[PDB]
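What follows is the content of coords36.pdb (PDB, C-alpha atoms and all ligand atoms).
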```pdb
MODEL        1
ATOM      1  CA  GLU M   1      83.310 -99.951 -46.094  1.00  0.00           C
ATOM      2  CA  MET M   2      85.094 -96.597 -45.910  1.00  0.00           C
ATOM      3  CA  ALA M   3      83.415 -95.921 -49.267  1.00  0.00           C
ATOM      4  CA  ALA M   4      79.993 -96.511 -47.673  1.00  0.00           C
ATOM      5  CA  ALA M   5      80.972 -94.147 -44.850  1.00  0.00           C
ATOM      6  CA  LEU M   6      82.058 -91.516 -47.400  1.00  0.00           C
ATOM      7  CA  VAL M   7      78.686 -91.797 -49.131  1.00  0.00           C
ATOM      8  CA  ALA M   8      76.912 -91.409 -45.775  1.00  0.00           C
ATOM      9  CA  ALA M   9      79.112 -88.382 -44.941  1.00  0.00           C
ATOM     10  CA  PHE M  10      77.909 -86.692 -48.150  1.00  0.00           C
ATOM     11  CA  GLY M  11      74.300 -87.342 -47.069  1.00  0.00           C
ATOM     12  CA  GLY M  12      73.517 -90.670 -48.763  1.00  0.00           C
ATOM     13  CA  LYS M  13      73.756 -92.571 -52.071  1.00  0.00           C
ATOM     14  CA  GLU M  14      70.691 -90.747 -53.453  1.00  0.00           C
ATOM     15  CA  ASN M  15      72.198 -87.434 -52.313  1.00  0.00           C
ATOM     16  CA  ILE M  16      75.082 -87.947 -54.762  1.00  0.00           C
ATOM     17  CA  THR M  17      74.399 -86.319 -58.151  1.00  0.00           C
ATOM     18  CA  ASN M  18      77.898 -86.759 -59.635  1.00  0.00           C
ATOM     19  CA  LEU M  19      81.308 -88.360 -59.006  1.00  0.00           C
ATOM     20  CA  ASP M  20      84.675 -87.014 -60.238  1.00  0.00           C
ATOM     21  CA  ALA M  21      88.165 -86.239 -58.849  1.00  0.00           C
ATOM     22  CA  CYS M  22      91.698 -85.278 -59.859  1.00  0.00           C
ATOM     23  CA  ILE M  23      95.002 -86.511 -58.330  1.00  0.00           C
ATOM     24  CA  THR M  24      94.630 -85.399 -54.715  1.00  0.00           C
ATOM     25  CA  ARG M  25      91.079 -84.050 -54.482  1.00  0.00           C
ATOM     26  CA  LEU M  26      87.729 -85.872 -54.575  1.00  0.00           C
ATOM     27  CA  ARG M  27      84.713 -84.052 -56.003  1.00  0.00           C
ATOM     28  CA  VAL M  28      81.242 -85.211 -54.943  1.00  0.00           C
ATOM     29  CA  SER M  29      78.063 -83.342 -55.890  1.00  0.00           C
ATOM     30  CA  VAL M  30      75.347 -83.127 -53.207  1.00  0.00           C
ATOM     31  CA  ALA M  31      71.671 -82.100 -53.384  1.00  0.00           C
ATOM     32  CA  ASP M  32      71.827 -80.415 -49.944  1.00  0.00           C
ATOM     33  CA  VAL M  33      75.180 -79.219 -48.544  1.00  0.00           C
ATOM     34  CA  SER M  34      73.563 -78.871 -45.108  1.00  0.00           C
ATOM     35  CA  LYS M  35      73.483 -82.707 -44.980  1.00  0.00           C
ATOM     36  CA  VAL M  36      77.229 -83.170 -45.556  1.00  0.00           C
ATOM     37  CA  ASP M  37      78.949 -84.222 -42.324  1.00  0.00           C
ATOM     38  CA  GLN M  38      82.114 -82.103 -42.328  1.00  0.00           C
ATOM     39  CA  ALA M  39      83.048 -83.628 -38.972  1.00  0.00           C
ATOM     40  CA  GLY M  40      82.389 -87.115 -40.393  1.00  0.00           C
ATOM     41  CA  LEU M  41      84.764 -86.452 -43.306  1.00  0.00           C
ATOM     42  CA  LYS M  42      87.543 -85.345 -40.895  1.00  0.00           C
ATOM     43  CA  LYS M  43      87.250 -88.555 -38.860  1.00  0.00           C
ATOM     44  CA  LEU M  44      87.509 -90.592 -42.065  1.00  0.00           C
ATOM     45  CA  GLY M  45      91.067 -89.224 -42.377  1.00  0.00           C
ATOM     46  CA  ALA M  46      90.199 -86.307 -44.697  1.00  0.00           C
ATOM     47  CA  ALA M  47      92.992 -83.719 -44.555  1.00  0.00           C
ATOM     48  CA  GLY M  48      90.514 -80.854 -45.117  1.00  0.00           C
ATOM     49  CA  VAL M  49      87.061 -80.005 -46.569  1.00  0.00           C
ATOM     50  CA  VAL M  50      86.287 -77.358 -49.242  1.00  0.00           C
ATOM     51  CA  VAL M  51      82.779 -76.573 -50.578  1.00  0.00           C
ATOM     52  CA  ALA M  52      82.218 -74.678 -53.858  1.00  0.00           C
ATOM     53  CA  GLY M  53      78.607 -74.044 -54.985  1.00  0.00           C
ATOM     54  CA  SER M  54      76.686 -77.352 -54.959  1.00  0.00           C
ATOM     55  CA  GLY M  55      79.942 -79.269 -55.498  1.00  0.00           C
ATOM     56  CA  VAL M  56      81.799 -80.583 -52.414  1.00  0.00           C
ATOM     57  CA  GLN M  57      85.553 -81.277 -52.336  1.00  0.00           C
ATOM     58  CA  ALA M  58      87.313 -83.436 -49.715  1.00  0.00           C
ATOM     59  CA  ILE M  59      91.116 -83.842 -49.493  1.00  0.00           C
ATOM     60  CA  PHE M  60      91.979 -87.534 -49.039  1.00  0.00           C
ATOM     61  CA  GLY M  61      95.534 -87.104 -50.369  1.00  0.00           C
ATOM     62  CA  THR M  62      96.928 -88.958 -53.412  1.00  0.00           C
ATOM     63  CA  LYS M  63      94.817 -92.018 -52.483  1.00  0.00           C
ATOM     64  CA  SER M  64      91.792 -89.841 -53.325  1.00  0.00           C
ATOM     65  CA  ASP M  65      91.564 -91.636 -56.684  1.00  0.00           C
ATOM     66  CA  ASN M  66      91.202 -94.944 -54.777  1.00  0.00           C
ATOM     67  CA  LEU M  67      88.081 -93.623 -53.023  1.00  0.00           C
ATOM     68  CA  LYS M  68      86.689 -92.558 -56.397  1.00  0.00           C
ATOM     69  CA  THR M  69      87.013 -96.124 -57.747  1.00  0.00           C
ATOM     70  CA  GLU M  70      85.574 -97.727 -54.588  1.00  0.00           C
ATOM     71  CA  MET M  71      82.732 -95.195 -54.301  1.00  0.00           C
ATOM     72  CA  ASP M  72      81.923 -95.579 -58.013  1.00  0.00           C
ATOM     73  CA  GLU M  73      81.596 -99.376 -57.616  1.00  0.00           C
ATOM     74  CA  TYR M  74      79.709 -99.245 -54.269  1.00  0.00           C
ATOM     75  CA  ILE M  75      77.384 -96.507 -55.553  1.00  0.00           C
ATOM     76  CA  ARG M  76      76.777 -98.507 -58.761  1.00  0.00           C
ATOM     77  CA  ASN M  77      76.464-101.860 -56.930  1.00  0.00           C
TER      78      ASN M  77
ATOM     79  CA  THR T   1     122.684 -86.360 -51.132  1.00  0.00           C
ATOM     80  CA  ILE T   2     120.122 -87.224 -53.829  1.00  0.00           C
ATOM     81  CA  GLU T   3     119.626 -84.908 -56.813  1.00  0.00           C
ATOM     82  CA  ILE T   4     116.155 -84.821 -58.380  1.00  0.00           C
ATOM     83  CA  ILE T   5     116.523 -84.013 -62.079  1.00  0.00           C
ATOM     84  CA  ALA T   6     113.948 -81.891 -63.934  1.00  0.00           C
ATOM     85  CA  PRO T   7     111.150 -84.094 -65.345  1.00  0.00           C
ATOM     86  CA  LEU T   8     110.340 -81.416 -67.976  1.00  0.00           C
ATOM     87  CA  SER T   9     111.927 -78.174 -69.233  1.00  0.00           C
ATOM     88  CA  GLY T  10     110.709 -74.794 -67.961  1.00  0.00           C
ATOM     89  CA  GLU T  11     111.216 -72.314 -65.113  1.00  0.00           C
ATOM     90  CA  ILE T  12     111.054 -73.387 -61.459  1.00  0.00           C
ATOM     91  CA  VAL T  13     108.181 -71.848 -59.494  1.00  0.00           C
ATOM     92  CA  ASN T  14     107.235 -71.908 -55.782  1.00  0.00           C
ATOM     93  CA  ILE T  15     104.818 -74.741 -54.982  1.00  0.00           C
ATOM     94  CA  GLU T  16     102.944 -72.262 -52.756  1.00  0.00           C
ATOM     95  CA  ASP T  17     102.199 -70.163 -55.865  1.00  0.00           C
ATOM     96  CA  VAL T  18     100.300 -73.025 -57.551  1.00  0.00           C
ATOM     97  CA  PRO T  19      96.550 -72.321 -57.979  1.00  0.00           C
ATOM     98  CA  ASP T  20      95.568 -75.425 -55.963  1.00  0.00           C
ATOM     99  CA  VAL T  21      95.349 -75.460 -52.141  1.00  0.00           C
ATOM    100  CA  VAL T  22      96.148 -79.205 -51.795  1.00  0.00           C
ATOM    101  CA  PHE T  23      99.411 -78.683 -53.723  1.00  0.00           C
ATOM    102  CA  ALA T  24     100.127 -75.184 -52.385  1.00  0.00           C
ATOM    103  CA  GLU T  25      99.517 -76.426 -48.814  1.00  0.00           C
ATOM    104  CA  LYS T  26     101.653 -79.468 -49.706  1.00  0.00           C
ATOM    105  CA  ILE T  27      98.950 -81.862 -48.508  1.00  0.00           C
ATOM    106  CA  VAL T  28     100.213 -84.217 -51.223  1.00  0.00           C
ATOM    107  CA  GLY T  29     103.891 -83.634 -50.260  1.00  0.00           C
ATOM    108  CA  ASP T  30     106.547 -80.910 -50.716  1.00  0.00           C
ATOM    109  CA  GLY T  31     108.668 -79.968 -53.757  1.00  0.00           C
ATOM    110  CA  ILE T  32     108.555 -77.363 -56.553  1.00  0.00           C
ATOM    111  CA  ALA T  33     106.507 -76.489 -59.646  1.00  0.00           C
ATOM    112  CA  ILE T  34     107.631 -75.914 -63.246  1.00  0.00           C
ATOM    113  CA  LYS T  35     106.160 -73.669 -65.927  1.00  0.00           C
ATOM    114  CA  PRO T  36     106.675 -76.025 -68.915  1.00  0.00           C
ATOM    115  CA  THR T  37     108.281 -75.020 -72.246  1.00  0.00           C
ATOM    116  CA  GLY T  38     109.009 -78.457 -73.784  1.00  0.00           C
ATOM    117  CA  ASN T  39     106.894 -81.390 -75.022  1.00  0.00           C
ATOM    118  CA  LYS T  40     107.699 -84.387 -72.791  1.00  0.00           C
ATOM    119  CA  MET T  41     107.929 -85.584 -69.175  1.00  0.00           C
ATOM    120  CA  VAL T  42     110.822 -87.924 -68.271  1.00  0.00           C
ATOM    121  CA  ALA T  43     111.920 -89.808 -65.152  1.00  0.00           C
ATOM    122  CA  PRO T  44     113.534 -87.403 -62.648  1.00  0.00           C
ATOM    123  CA  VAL T  45     115.482 -90.285 -61.076  1.00  0.00           C
ATOM    124  CA  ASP T  46     116.480 -93.901 -61.650  1.00  0.00           C
ATOM    125  CA  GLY T  47     113.719 -96.056 -60.160  1.00  0.00           C
ATOM    126  CA  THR T  48     110.429 -97.756 -61.039  1.00  0.00           C
ATOM    127  CA  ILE T  49     107.270 -96.068 -62.362  1.00  0.00           C
ATOM    128  CA  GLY T  50     104.533 -96.705 -59.795  1.00  0.00           C
ATOM    129  CA  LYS T  51     101.222 -95.459 -61.195  1.00  0.00           C
ATOM    130  CA  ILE T  52     100.217 -93.501 -64.320  1.00  0.00           C
ATOM    131  CA  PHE T  53      96.859 -91.685 -64.248  1.00  0.00           C
ATOM    132  CA  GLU T  54      94.309 -93.135 -66.689  1.00  0.00           C
ATOM    133  CA  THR T  55      94.219 -89.632 -68.205  1.00  0.00           C
ATOM    134  CA  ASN T  56      97.963 -90.049 -68.824  1.00  0.00           C
ATOM    135  CA  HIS T  57      98.802 -86.620 -67.331  1.00  0.00           C
ATOM    136  CA  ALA T  58     100.490 -87.513 -64.010  1.00  0.00           C
ATOM    137  CA  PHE T  59     102.615 -90.397 -62.681  1.00  0.00           C
ATOM    138  CA  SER T  60     104.368 -91.764 -59.593  1.00  0.00           C
ATOM    139  CA  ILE T  61     107.939 -93.082 -59.440  1.00  0.00           C
ATOM    140  CA  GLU T  62     110.118 -94.441 -56.651  1.00  0.00           C
ATOM    141  CA  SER T  63     113.866 -93.869 -56.937  1.00  0.00           C
ATOM    142  CA  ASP T  64     116.241 -96.719 -56.155  1.00  0.00           C
ATOM    143  CA  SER T  65     117.454 -94.390 -53.394  1.00  0.00           C
ATOM    144  CA  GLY T  66     114.002 -94.886 -51.789  1.00  0.00           C
ATOM    145  CA  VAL T  67     112.466 -91.454 -52.598  1.00  0.00           C
ATOM    146  CA  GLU T  68     108.821 -91.372 -53.770  1.00  0.00           C
ATOM    147  CA  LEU T  69     108.056 -88.581 -56.268  1.00  0.00           C
ATOM    148  CA  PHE T  70     104.784 -87.490 -57.826  1.00  0.00           C
ATOM    149  CA  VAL T  71     104.598 -85.456 -61.084  1.00  0.00           C
ATOM    150  CA  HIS T  72     101.190 -83.696 -61.856  1.00  0.00           C
ATOM    151  CA  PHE T  73     101.145 -81.852 -65.218  1.00  0.00           C
ATOM    152  CA  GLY T  74      99.086 -78.637 -65.035  1.00  0.00           C
ATOM    153  CA  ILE T  75      96.209 -78.038 -62.602  1.00  0.00           C
ATOM    154  CA  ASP T  76      92.808 -79.795 -62.888  1.00  0.00           C
ATOM    155  CA  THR T  77      94.175 -81.289 -66.136  1.00  0.00           C
ATOM    156  CA  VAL T  78      92.270 -84.560 -65.485  1.00  0.00           C
ATOM    157  CA  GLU T  79      89.172 -82.778 -66.830  1.00  0.00           C
ATOM    158  CA  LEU T  80      90.783 -82.891 -70.313  1.00  0.00           C
ATOM    159  CA  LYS T  81      90.302 -86.699 -70.239  1.00  0.00           C
ATOM    160  CA  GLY T  82      93.754 -87.526 -71.758  1.00  0.00           C
ATOM    161  CA  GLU T  83      93.575 -84.939 -74.594  1.00  0.00           C
ATOM    162  CA  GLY T  84      97.118 -83.637 -75.289  1.00  0.00           C
ATOM    163  CA  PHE T  85      98.946 -86.497 -73.512  1.00  0.00           C
ATOM    164  CA  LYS T  86     100.348 -89.833 -74.747  1.00  0.00           C
ATOM    165  CA  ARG T  87     101.569 -92.400 -72.208  1.00  0.00           C
ATOM    166  CA  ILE T  88     104.907 -93.686 -73.517  1.00  0.00           C
ATOM    167  CA  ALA T  89     106.042 -95.787 -70.530  1.00  0.00           C
ATOM    168  CA  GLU T  90     104.152 -98.480 -68.567  1.00  0.00           C
ATOM    169  CA  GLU T  91     103.419 -98.747 -64.825  1.00  0.00           C
ATOM    170  CA  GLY T  92     106.064-100.904 -63.115  1.00  0.00           C
ATOM    171  CA  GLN T  93     108.592 -99.934 -65.808  1.00  0.00           C
ATOM    172  CA  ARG T  94     112.138 -99.588 -64.473  1.00  0.00           C
ATOM    173  CA  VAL T  95     113.648 -96.346 -65.753  1.00  0.00           C
ATOM    174  CA  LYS T  96     116.816 -94.297 -65.701  1.00  0.00           C
ATOM    175  CA  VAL T  97     116.954 -90.517 -65.423  1.00  0.00           C
ATOM    176  CA  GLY T  98     115.746 -88.899 -68.684  1.00  0.00           C
ATOM    177  CA  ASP T  99     113.640 -91.876 -69.888  1.00  0.00           C
ATOM    178  CA  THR T 100     110.440 -90.490 -71.465  1.00  0.00           C
ATOM    179  CA  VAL T 101     107.251 -91.283 -69.549  1.00  0.00           C
ATOM    180  CA  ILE T 102     104.704 -89.097 -71.337  1.00  0.00           C
ATOM    181  CA  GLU T 103     104.724 -86.633 -74.239  1.00  0.00           C
ATOM    182  CA  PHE T 104     102.269 -83.715 -74.241  1.00  0.00           C
ATOM    183  CA  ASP T 105     100.963 -80.997 -76.573  1.00  0.00           C
ATOM    184  CA  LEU T 106     102.011 -77.721 -74.897  1.00  0.00           C
ATOM    185  CA  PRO T 107     100.060 -75.333 -77.194  1.00  0.00           C
ATOM    186  CA  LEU T 108      96.863 -77.402 -76.931  1.00  0.00           C
ATOM    187  CA  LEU T 109      97.205 -77.621 -73.125  1.00  0.00           C
ATOM    188  CA  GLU T 110      98.173 -73.940 -72.819  1.00  0.00           C
ATOM    189  CA  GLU T 111      94.843 -73.167 -74.514  1.00  0.00           C
ATOM    190  CA  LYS T 112      92.588 -75.724 -72.759  1.00  0.00           C
ATOM    191  CA  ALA T 113      94.239 -76.379 -69.351  1.00  0.00           C
ATOM    192  CA  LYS T 114      93.308 -74.070 -66.437  1.00  0.00           C
ATOM    193  CA  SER T 115      97.082 -73.882 -65.873  1.00  0.00           C
ATOM    194  CA  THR T 116     100.153 -75.778 -67.103  1.00  0.00           C
ATOM    195  CA  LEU T 117     102.003 -75.284 -63.801  1.00  0.00           C
ATOM    196  CA  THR T 118     103.422 -78.743 -63.012  1.00  0.00           C
ATOM    197  CA  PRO T 119     104.117 -79.688 -59.366  1.00  0.00           C
ATOM    198  CA  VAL T 120     106.928 -82.172 -58.676  1.00  0.00           C
ATOM    199  CA  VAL T 121     106.704 -83.131 -55.013  1.00  0.00           C
ATOM    200  CA  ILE T 122     108.092 -85.711 -52.625  1.00  0.00           C
ATOM    201  CA  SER T 123     105.351 -87.798 -50.990  1.00  0.00           C
ATOM    202  CA  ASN T 124     108.009 -89.330 -48.716  1.00  0.00           C
ATOM    203  CA  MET T 125     108.551 -86.154 -46.613  1.00  0.00           C
ATOM    204  CA  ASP T 126     108.636 -88.156 -43.306  1.00  0.00           C
ATOM    205  CA  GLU T 127     111.602 -90.231 -44.596  1.00  0.00           C
ATOM    206  CA  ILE T 128     113.929 -87.438 -45.778  1.00  0.00           C
ATOM    207  CA  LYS T 129     116.292 -85.385 -43.596  1.00  0.00           C
ATOM    208  CA  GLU T 130     116.332 -82.222 -45.732  1.00  0.00           C
ATOM    209  CA  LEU T 131     114.865 -80.863 -48.956  1.00  0.00           C
ATOM    210  CA  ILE T 132     116.842 -78.082 -50.677  1.00  0.00           C
ATOM    211  CA  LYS T 133     114.760 -76.404 -53.411  1.00  0.00           C
ATOM    212  CA  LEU T 134     116.773 -74.963 -56.310  1.00  0.00           C
ATOM    213  CA  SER T 135     115.953 -72.032 -58.630  1.00  0.00           C
ATOM    214  CA  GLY T 136     116.104 -70.890 -62.269  1.00  0.00           C
ATOM    215  CA  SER T 137     115.367 -72.495 -65.639  1.00  0.00           C
ATOM    216  CA  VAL T 138     115.820 -76.245 -66.122  1.00  0.00           C
ATOM    217  CA  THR T 139     116.343 -78.554 -69.097  1.00  0.00           C
ATOM    218  CA  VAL T 140     114.406 -81.863 -69.084  1.00  0.00           C
ATOM    219  CA  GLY T 141     116.478 -84.810 -67.760  1.00  0.00           C
ATOM    220  CA  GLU T 142     119.559 -82.627 -67.175  1.00  0.00           C
ATOM    221  CA  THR T 143     119.123 -79.795 -64.658  1.00  0.00           C
ATOM    222  CA  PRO T 144     118.661 -80.782 -60.991  1.00  0.00           C
ATOM    223  CA  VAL T 145     115.621 -79.153 -59.342  1.00  0.00           C
ATOM    224  CA  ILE T 146     115.843 -80.455 -55.767  1.00  0.00           C
ATOM    225  CA  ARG T 147     118.602 -81.814 -53.520  1.00  0.00           C
ATOM    226  CA  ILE T 148     117.715 -84.141 -50.632  1.00  0.00           C
ATOM    227  CA  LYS T 149     119.683 -85.813 -47.843  1.00  0.00           C
ATOM    228  CA  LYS T 150     118.956 -89.132 -46.096  1.00  0.00           C
TER     229      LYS T 150
HETATM  230  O1  LIG M 201      94.449 -81.274 -59.923  1.00  0.00           O
HETATM  231  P1  LIG M 201      94.791 -82.689 -59.612  1.00  0.00           P
HETATM  232  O2  LIG M 201      95.419 -83.019 -58.312  1.00  0.00           O
HETATM  233  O3  LIG M 201      94.484 -83.742 -60.577  1.00  0.00           O
ENDMDL
END
```

Rewrite the structure from the file as structure tokens, please.
Amino acid sequence: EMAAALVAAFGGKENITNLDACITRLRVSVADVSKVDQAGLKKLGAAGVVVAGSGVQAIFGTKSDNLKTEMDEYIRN
Amino acid sequence: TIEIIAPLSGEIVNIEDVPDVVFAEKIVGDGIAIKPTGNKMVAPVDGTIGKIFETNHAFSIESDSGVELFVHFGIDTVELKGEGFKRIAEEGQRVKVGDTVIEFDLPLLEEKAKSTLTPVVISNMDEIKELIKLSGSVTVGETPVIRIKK
């Protein structure tokens, strides 16, 4: 479910144009950054939020890769 | 006192000088960084490998002493999709200090990786009494890089 909440925080499943991450950062592309809920990400336990261009980065810690796998499945299912 | 041995050879660098805010701000834990000069990453302590990234460029290990470490080779190296790395150990493998976990191609990574700086941090910060960071050049599986208590 947290994965569904993360998708909603970015704006929505259709607002996601790409999914990728590294060891402690999650990268999610968004069509409109004005629709990202920075406050929503914080409540989800995000340590911080960083936005670069149209790409959005959220710090979920080392478990960030877990969100990538869950979001990838939920967004593809 | 637990001694963390260098996972790779190189020069110790401040973790706050790493070009990544999550590592520099120690969101993923505290420790040091190493500018690599060798070709392999070994176990910095006797324990069990926990997780190896599918891009075979970073891994997690828990010492028998109960310390959780996390080694991340280079910065944003996941974008290389495994190029330059070869996983030699398996997740769940029990290892002793110096056991090889991954071998890498320094020259190829020095040319394609945004940075080869390699953070070695403790993700168990709330369970350790003190972390003493050391300094200087280290030799893989031989030179201690950090000293911890409790
Ligand atoms: O840059 P990274 O945490 O995979």

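Between chain T and the residues M:14, M:65, M:32, M:1, the shortest atom-to-atom distance, using all atoms listed in the file, involves M:65.
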
- the PyMOL selection byres (((chain T and resi 115) around 9) and not hetatm) applied to the shown file, residues as a ChimeraX atom specification: /T:18-19,73-77,109-114,116-118

Sorted by chain and rising residue number, list the residues of chain M at most 7 Å from chain T (counting all atoms listed in the file), each with its closest atom pair and distance in Å to one decimal, as JSON lines.
```
{"residue": "M:22", "atom": "CA", "partner": "T:78", "partner_atom": "CA", "distance": 5.7}
{"residue": "M:24", "atom": "CA", "partner": "T:28", "partner_atom": "CA", "distance": 6.7}
{"residue": "M:61", "atom": "CA", "partner": "T:28", "partner_atom": "CA", "distance": 5.6}
{"residue": "M:62", "atom": "CA", "partner": "T:28", "partner_atom": "CA", "distance": 6.2}
```

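You will find CA of residue 143 in chain T at 14.4 Å from CA of residue 35 in chain T.
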
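Closest to residue 108 in chain T among T:17, T:126, T:83, T:3 is T:83, based on only C-alpha atoms.
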
- Message: What's around residue 50 in chain T at 8 Å? Count only C-alpha atoms, leave out sequence neighbours fewer than 6 positions away in its own chain, and write the answer as a PyMOL selection string.
- Response: chain T and resi 59-62+91-93

- Using all atoms listed in the file, which residues sit within 9 Å of residue 136 in chain T once same-chain residues fewer than 4 positions away are excluded, as number ranges by chain? T: 10-13, 145

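Restricting the calculation to only C-alpha atoms and all ligand atoms, the smallest distance between ligand LIG 201 (chain M) and any of M:71, M:52, M:44, M:58 is found for M:58.
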
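Counting all atoms listed in the file and comparing T:137, T:69, T:144, T:32, the residue that lies closest to residue 9 in chain T is T:137.
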
- Who sits within 8 Å of residue 48 in chain M, all atoms listed in the file, same chain under 3 positions skipped, as an MDAnalysis selection string: chainID M and resid 42 58:60

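Of the listed residues (T:1, T:121, T:38, T:30), T:38 comes nearest to residue 103 in chain T; the distances count only C-alpha atoms.
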
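Ranking T:119, T:66, T:31, T:107 by their shortest atom-to-atom distance to ligand LIG 201 (chain M), with all atoms listed in the file included, puts T:119 first.
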
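The residues caught by the PyMOL selection byres (((chain T and resi 130) around 8) and not hetatm) in this file are residues 128, 129, 131, 132, 148, 149 and 150 of chain T.
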
- Item | Picked residues, the PyMOL selection byres (((chain T and resi 64) around 12) and not hetatm), expected as a list in words | residues 2, 44, 45, 46, 47, 48, 49, 61, 62, 63, 65, 66, 67, 68, 69, 94, 95, 96 and 97 of chain T

- Task: Within 9 Å of (79.8, -89.4, -57.6) (coordinates as in the file), grab all the protein and nucleic acid residues, counting only C-alpha atoms, and write them out as a list in words.
- Result: residues 7, 13, 16, 17, 18, 19, 20, 27, 28, 29, 30, 68, 71, 72 and 75 of chain M

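Coordinates place CA of residue 66 in chain M at a distance of 13.0 Å from atom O3 of ligand LIG 201 (chain M).
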